[PDB]
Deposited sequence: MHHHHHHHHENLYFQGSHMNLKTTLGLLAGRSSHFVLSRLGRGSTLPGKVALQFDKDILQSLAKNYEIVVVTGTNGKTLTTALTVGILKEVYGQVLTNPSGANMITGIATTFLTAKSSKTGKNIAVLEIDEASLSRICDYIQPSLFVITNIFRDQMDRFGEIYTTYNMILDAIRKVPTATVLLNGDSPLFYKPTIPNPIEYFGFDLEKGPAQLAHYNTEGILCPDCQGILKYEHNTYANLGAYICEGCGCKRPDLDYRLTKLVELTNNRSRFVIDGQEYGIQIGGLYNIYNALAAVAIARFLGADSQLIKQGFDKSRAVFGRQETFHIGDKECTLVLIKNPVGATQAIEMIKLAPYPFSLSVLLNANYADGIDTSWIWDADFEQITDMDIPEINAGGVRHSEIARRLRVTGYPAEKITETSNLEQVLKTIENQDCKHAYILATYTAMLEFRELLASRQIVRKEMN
């Protein structure tokens, strides 16, 4: 009850599947023309999507095992596995159990994660990573999760660290370290608050969004095309056509001001946004809108693990502390050591819009949780 007339690539992981998959398609269309994929998300009811040439499927961690009874993929790709609100190692071993069923497949993993290190599967493993200049080993920031060597059980250090627990890891007891990378991002060329340009296996690609976590999505896409023997020149040709999937920056002219609106979900995501806006070449007003609900995370405690302490080193004159949980976020912002006098706790979103409207500074960043952003996206005045 299926068509196996297809070399088939499956793409799983906790974060960034749709992008990686959508990007991988656009690239491969410039090589094979017709590339078969599935829209949005998909579990076992992907036969509808399926009804010489190549297919790339976004699969859910859970559903994978089932399917791998039916289809017989050539490439498994795991972008990365992080936890949300002992749950990482079970969903890794869930995907790893599916992959046992298809011993002919190659597995393409994010080499930079320690979680992927000598997987207990017979399949041949291939790794992509940021192969950047190694400095002397340094620990990661103490709130970084998953830093135990997968052999020694001791604490890992980083010859260089991209973000989270990713980079050139090394245990100074076991000796365990990041394995040799098969698809290498060799140089981080540019990286601002708005763009990043980078070199992978000879070619420069760039994305018009910024924030460093997204580069790992591009890398995975490029690494897949390379596994399928695509010319680095054609990879770029189609990369560019399909780079829309990262999306533009969502900036708003508020009369005389230019305010940019940025989503925060979790500590790692928030920190990532903070390290992004740190790179802006101008002064700005920082507004942080914290709501608490299903979509935004029911417990606001997560902001205490986000590295807001970096704002003190930025060029920020005004801060606004808005959203339903305005009171908790203002306290968080204070505890950075940012001038308490300049943090303006703000009951109402209308008042935040106005204090920005009437600020003297010219640019304004607004970091907000999902719903806080939807509410604020009601600028039913002018957008």
property: Missing CA stretches, deposited numbering from 1, N-terminus first; result: 1 to 60, 112 to 121, 156 to 159, 458 to 465
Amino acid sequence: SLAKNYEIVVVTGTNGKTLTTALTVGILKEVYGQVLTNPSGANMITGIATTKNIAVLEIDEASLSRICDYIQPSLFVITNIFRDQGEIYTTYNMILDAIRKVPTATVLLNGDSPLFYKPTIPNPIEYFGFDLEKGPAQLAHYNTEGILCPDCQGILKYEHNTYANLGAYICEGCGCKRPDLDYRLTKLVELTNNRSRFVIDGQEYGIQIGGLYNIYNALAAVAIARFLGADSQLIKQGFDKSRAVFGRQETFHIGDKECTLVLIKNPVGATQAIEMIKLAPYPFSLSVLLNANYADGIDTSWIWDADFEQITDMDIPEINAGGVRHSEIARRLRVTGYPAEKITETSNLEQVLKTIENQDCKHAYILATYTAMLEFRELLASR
From here on, numbers count along this sequence of modelled residues.
{"item": "184 to 192 set against 92 to 100, stretch whose average Cα temperature factor tops the other in the entry", "value": "92 to 100"}
{"item": "Residue stretch of maximal mean CA temperature factor, 308 to 316 vs 68 to 76", "value": "68 to 76"}
{"item": "Deposited CA B-factor, highest of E204, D84, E145, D240", "value": "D84"}
{"item": "Residue of maximum C-alpha B factor among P267, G154, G255, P114, per deposited coordinates", "value": "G255"}
{"item": "Assigned third (lowest, middle, highest) for the C-alpha B factor of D131", "value": "lowest"}
{"item": "For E250, the third of its chain into which the C-alpha B factor falls", "value": "highest"}
{"item": "Chain-relative CA temperature factor third for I125", "value": "highest"}
{"item": "Chain-relative CA temperature factor third for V9", "value": "highest"}
{"item": "CA B-factor placement of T346, once the chain's modelled residues are sorted into thirds", "value": "middle"}
